[PDB]
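# An overview of the molecular structure
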Amino acid sequence: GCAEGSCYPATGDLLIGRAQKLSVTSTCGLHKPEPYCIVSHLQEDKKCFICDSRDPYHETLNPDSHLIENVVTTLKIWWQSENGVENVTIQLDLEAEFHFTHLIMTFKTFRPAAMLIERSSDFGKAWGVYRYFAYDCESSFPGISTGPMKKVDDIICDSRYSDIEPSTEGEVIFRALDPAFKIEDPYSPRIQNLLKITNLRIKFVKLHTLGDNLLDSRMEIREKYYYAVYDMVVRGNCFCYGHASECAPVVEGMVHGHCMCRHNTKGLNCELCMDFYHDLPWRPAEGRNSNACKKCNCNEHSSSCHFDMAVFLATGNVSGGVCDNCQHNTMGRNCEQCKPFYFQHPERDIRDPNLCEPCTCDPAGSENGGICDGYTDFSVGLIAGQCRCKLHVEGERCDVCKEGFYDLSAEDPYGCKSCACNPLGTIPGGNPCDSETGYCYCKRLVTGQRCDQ
Ligand SMILES: *[C@@H]1O[C@H](CO[C@H]2O[C@@H](C)[C@@H](O)[C@@H](O)[C@@H]2O)[C@@H](O[C@@H]2O[C@H](CO)[C@@H](O[C@@H]3O[C@H](CO)[C@@H](O)[C@H](O[C@H]4O[C@H](CO)[C@@H](O)[C@H](O)[C@@H]4O)[C@@H]3O)[C@H](O)[C@H]2NC(C)=O)[C@H](O)[C@H]1NC(C)=O
Ligand SMILES: *[C@@H]1O[C@H](CO)[C@@H](O)[C@H](O)[C@H]1NC(C)=O
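Residues numbered from 1 in each chain as written, not as in the entry; some residues may be left out. Chains lettered and ligands numbered in written order. Heavy atoms only, no water. Residues with missing side-chain atoms left out of burial classes, pairs and counts.

The name the PDB entry assigns to the protein is LAMININ SUBUNIT BETA-1, from the organism Mus musculus. According to the PDB record, the title of this entry is "Laminin beta1 LN-LE1-4 structure".

Laid out in structure tokens, this is it:
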């Protein structure tokens, strides 16, 4: 179970439950009845019938309809192209984004003379070519390679499925991950650009005529050459990087496309980290390792955080979440400090909403605009609150002139100005002057500010 490590949804047939998503290029009997023939082994004999494909097949009402929706299995139904048409294309459209195992088509007539398979990850915008197939990889597909594959993603031209010999029920097969390889790293960029699929597309380009030149011929010669397909399975699954055990609707036997993520992951494919769980870098599960996204810690002064790789490494791959918009005047990568002009109450829990107290330093007399010590830490000379008074100021809040000085003006570096009280004419003992006026207390028979005159 996911509650024990990595986990993945079941595999299945993508076509099931998705019949109405199939679209063709040619289909005998769409508008008005067309006839056809079933040649045998080397043209021994031929029996012909009619193709009335203008109404959904039914065994006892309309037995000659052969629309593409007839490939999705669950008797003998099928799809069939127009007689003598050599350019037919089938297309599957997925609502979500799935992983592709393998495709298995079984024709009723004679497997294509030559065909190729394409796909799209970016919803029918860009198209990649999985592989080519032919009986003459050189005439039909000049340039494309044959022989062996130099890489697990080499586009080549197969031919083991483009014969004739198998009269009917012949099969075409394609596997995303060429069995002839060892998938070293699963989640790698290339092994991924092989399974990623939203749109499958099969293009037929050559019909086996057994000699006859369909080129301007009697409806008697072409009426026997056409692609017909009994059914086809598109094996695959809904990918969730190990973080989900089952996918939900975006029925029966149907492969769903919405990952029911777990492990604090969120996303259509759980490739993201649930909100506020950005303390470790997102990773896919493996073995019993969930690699579950880790909850951020902002000491309860936020709930918006993001993951920063630099920080992650800086801590030795321990943690990399940094908090956003620290509330309560806190600060720090985890909101574990107080912004200037505030200081941590010596008591209070670091999680307390009021952990941070405002300074009380009088800006004019203090040093550093009146920023107090933010927290206590003897070893360095830090006390929660303590203000740094200027040279000639004193008091818990630095709002007082030291004896002998006056005029606490913020406008100056040291705060107060020396009274400059003459030692002679000034009454000795206690404060020699007014802290405001700067007027010294003079002896008798002496006068004037500085008790000099
Ligand atoms: C702390 O974690 C970081 C983050 O990345 C890892 O995070 C963990 C949680 C998992 O998610 C894990 O899968 C992530 O990789 C680590 O930093 C990264 O470490 C990987 C190690 O594989 C680095 O990848 C390598 O990069 C070099 C240089 O670009 C490549 O050469 C390697 O690929 C080939 O190297 C030679 C080629 O001749 C041959 O051995 C093979 O051909 C190799 O395939 C390989 O890709 C990646 O660059 C690192 N990225 C960062 C973040 O700088 C980090 O190591 C870890 N610290 C610790 C605990 O040591
Ligand atoms: C079929 O493909 C040929 C080239 O191979 C092209 O000339 C022709 O126009 C195509 N016919 C279709 C599908 O309209």
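Attention shifts here to empty space enclosed by the protein. Volume-wise, the largest cavity comes out at about 60 Å³. Per-element tally for the lining of the largest cavity: the top contributor is strand β6 (residues 89-107), with 4 residues. Of the residues in the lining of the largest cavity, the class split is 8 nonpolar, 1 polar and 1 charged. (1 Å grid on protein atoms, 1.4 Å probe; cavity = no way out; pocket = protein on both sides within 12 Å on 5 of 7 lines; lining within 4 Å. Points joined across faces, edges and corners; volume = space filled by probe spheres on them. Helix = DSSP H or I, 4+ residues; strand = E, 2+ residues; numbered from the N terminus. Nonpolar A, V, L, I, M, F, W, Y, C, P; charged D, E, K, R; others polar.)

The next point concerns the packing of aromatic side chains. Here the structure, examined in full by the defined rule, presents 15 aromatic pairs. Residues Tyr130 and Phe174 carry aromatic rings whose centres are separated by 4.8 Å and whose planes lie at 35° to one another, so their mutual orientation is tilted. With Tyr130 in strand β8 (residues 128-134) and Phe174 in strand β10 (residues 171-175), this pair connects stretches of sequence that are 44 residues apart. By the burial criterion, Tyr130 is buried, and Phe174 matches it. (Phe/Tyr/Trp six-rings, centres within 6.5 Å; stacked < 30°, edge-to-face > 60°. Buried < 20%, exposed > 50% of the residue type's maximum accessible area, 1.4 Å probe, protein only.)

With that out of the way, let us pick up the site of ligand 1. Residues in close proximity to ligand 1 include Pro281, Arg283, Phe312, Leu313 and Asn317, which together make up its full environment. Interatomic distance of 2.4 Å between a side-chain N/O atom of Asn317 and an oxygen atom of ligand 1. Protein burial of ligand 1: of its 1,100 Å² of free accessible surface, 18% is covered by the chains. In the shell around ligand 1, the residues fall into 3 nonpolar, 1 polar and 1 charged. (Near = heavy atom within 4 Å. Polar contact = N/O pair within 3.5 Å; in protein donor to acceptor, adjacent residues only side chain to side chain. Areas by Shrake-Rupley, 256 points an atom, 1.4 Å probe, with all protein chains shown as cover.)

It is worth spelling out the side chain of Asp279 at this point. Considering the arrangement of structural elements, one finds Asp279 in the loop between β16 (272-273) and β17 (304-307). Under the relative-accessibility criterion, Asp279 is labelled buried at 6%. A distance of 2.5 Å separates the side chain of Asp279 from the side chain of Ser319, its partner in a polar contact. Contact partners of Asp279, with chain neighbours within four places excluded, come to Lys294, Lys295, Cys296, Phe307, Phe312, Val318, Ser319, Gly320 and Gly321. (Contact = heavy atoms within 4.5 Å.)

On to unusual backbone geometry, then. The backbone of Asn329 shows a phi angle near 65°, a positive value even though the residue is not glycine. Secondary-structure assignment places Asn329 in the loop between β18 (321-324) and β19 (330-331). A positive phi angle, near 70°, is found at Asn368, a position not held by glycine. Note that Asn368 resides in the loop between β22 (356-358) and β23 (393-394).

Time to look at the domain arrangement of the protein. By the assigned domains, the protein splits into domain 1 (1-240), domain 2 (241-350) and domain 3 (351-453). One C-alpha centre belongs to domain 1, the other to domain 2, and the line joining them spans 44 Å. The interface of domain 1 with domain 2 comprises 25 residues on the first partner and 28 residues on the second. Summed over both partners, the interface of domain 1 with domain 2 buries about 1,900 Å², with 60% contributed by carbon and sulfur atoms. Three residues, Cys2, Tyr187 and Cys240, lead the burial of domain 1 against domain 2; their summed loss comes to 30% of the area buried on that side. Joining domain 1 to domain 2, the criterion identifies 6 residue pairs in polar contact. (Domains from an automatic or database assignment. Buried area = accessible area lost by both parts, 1.4 Å probe.)

The buried fraction of strand β7 (residues 114-120) is high, at 7 of 7 residues. Neither face of β7 is open: one carries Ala114, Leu116, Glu118 and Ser120, the other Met115, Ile117 and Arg119, and all of them are buried. Bridge count between β7 and β8: 6 bridges; the pairing is antiparallel. Bridge assignment links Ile117 to a residue of β8, and that residue is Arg131. Pairing of β7 with strand β11 (residues 196-206), which is carried by 7 bridges, proceeds in the antiparallel orientation. (Pairing = 2+ DSSP bridges.)

Following the sequence through the fold, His99 ends up in strand β6. Among the residues examined, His99 registers a relative accessible area of 11% and is labelled buried. In this view, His99 contacts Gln192, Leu195, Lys196, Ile197, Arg235, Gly236, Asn237 and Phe239; residues no more than four positions away in its chain are not counted.

Moving on: the nonpolar core. In this structure, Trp79, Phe100, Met105 and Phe204 are the most contacted members of the largest nonpolar core, which totals 47 residues. Broken down by secondary-structure element, the contributors of at least two residues to this core are β6, β7, β8, β10, α1 (189-195), β11 and β12 (228-237). Here the element with the most residues in this core is β6; it accounts for 9 residues. Of the domains in this structure, domain 1 (1-240) and domain 2 (241-350) are the two that each give at least three residues to this core. Excluding residues within four positions of it along the chain, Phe204 makes contact with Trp79, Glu86, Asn87, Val88, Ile90, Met105, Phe107, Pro112, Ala114, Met115 and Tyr227. With 11 residues, the next largest nonpolar core counts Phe343, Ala384, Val393 and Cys416 among its residues. (Core = buried A, V, L, I, M, F, W, Y, C linked by side-chain atoms within 4.5 Å.)

In this section: the pattern of salt bridges. Following the criterion strictly, the structure yields 19 salt bridges and no others. A salt bridge links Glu169 to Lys76; the shortest N-O distance between them is 3.2 Å. On the criterion of sequence distance, the pair formed by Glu169 in the loop between β9 (157-158) and β10 and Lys76 in the loop between β4 (46-51) and β5 (79-80) is long-range, its members being 93 residues apart. Two residues, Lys417 and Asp407, come together in a salt bridge whose shortest N-O distance is 2.5 Å. Of this pair, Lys417 sits in strand β26 (residues 417-418) while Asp407 is found in the loop between β25 (405-406) and β26, placing the two residues 10 residues apart along the sequence. (Salt bridge = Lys/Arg side-chain N within 4 Å of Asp/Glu carboxyl O.)

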